[PDB]
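Taking it in order: structure first as structure tokens, then the write-up.
Here the Cβ positions follow ideal geometry from the backbone for every residue, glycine too, while neighbour counts run over all protein chains shown. The numbers here are math on the coordinates, done by the rules we state, and not lab data.
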């Protein structure tokens, strides 16, 4: 039997869904939907892994596992659809700075320094977790990069 489509669909279940530049509320919604779907996803992953590892798998077993994987992928895509892009505030930042010059930054700096320290602690926890998923690693990377961007901006005004 040709397992190509099942293998490819099974691998797609593990792909990172990017949270880069997504709103914090929409990320919460995504994580909440993924948790609701998690047992269905895990069962699809497990059944597909068994078929993939079956040396003499049948087309029926491949097709049944593929159907489960496709339904699990639809659940992931439903969760992904909750993610929303942040809106760009760069022109508002520049306008605010121009108004300030025409006429609390320390607290804001300290808040963003703390956010950077928390991002480093979160990254270390993920790095040290041998069970970490591609999604968890990528989420932590995006959090680190956002904390760096926010820190530089807060120390620069």
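Remark: C-alpha extents of the chain on the principal axes read 76, 31, 24 Å, sorted largest to smallest.
With the convex hull of the Cα atoms taken as the outline of the stretch 104-157, the averaged projected area works out to 3.3 nm².
Once divided by 2.2 N^0.38 Å, the Cα radius of gyration of the stretch 50-91 becomes 2.02.
The calculated FRET efficiency for residue 87 paired with residue 49, based on their beta-carbon distance and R0 = 41 Å, is about 0.50.
A Förster distance of 25 Å, applied to the separation of the beta-carbon atoms of residue 156 and residue 23, puts the FRET efficiency at 0.60. On the principal axes of its alpha-carbon atoms, the stretch 1-86 has extents of 48, 20, 15 Å, going from largest to smallest.
Shape summary of the stretch 60-132, radius of gyration then Dmax from alpha carbon positions: 22.5, 74 Å.
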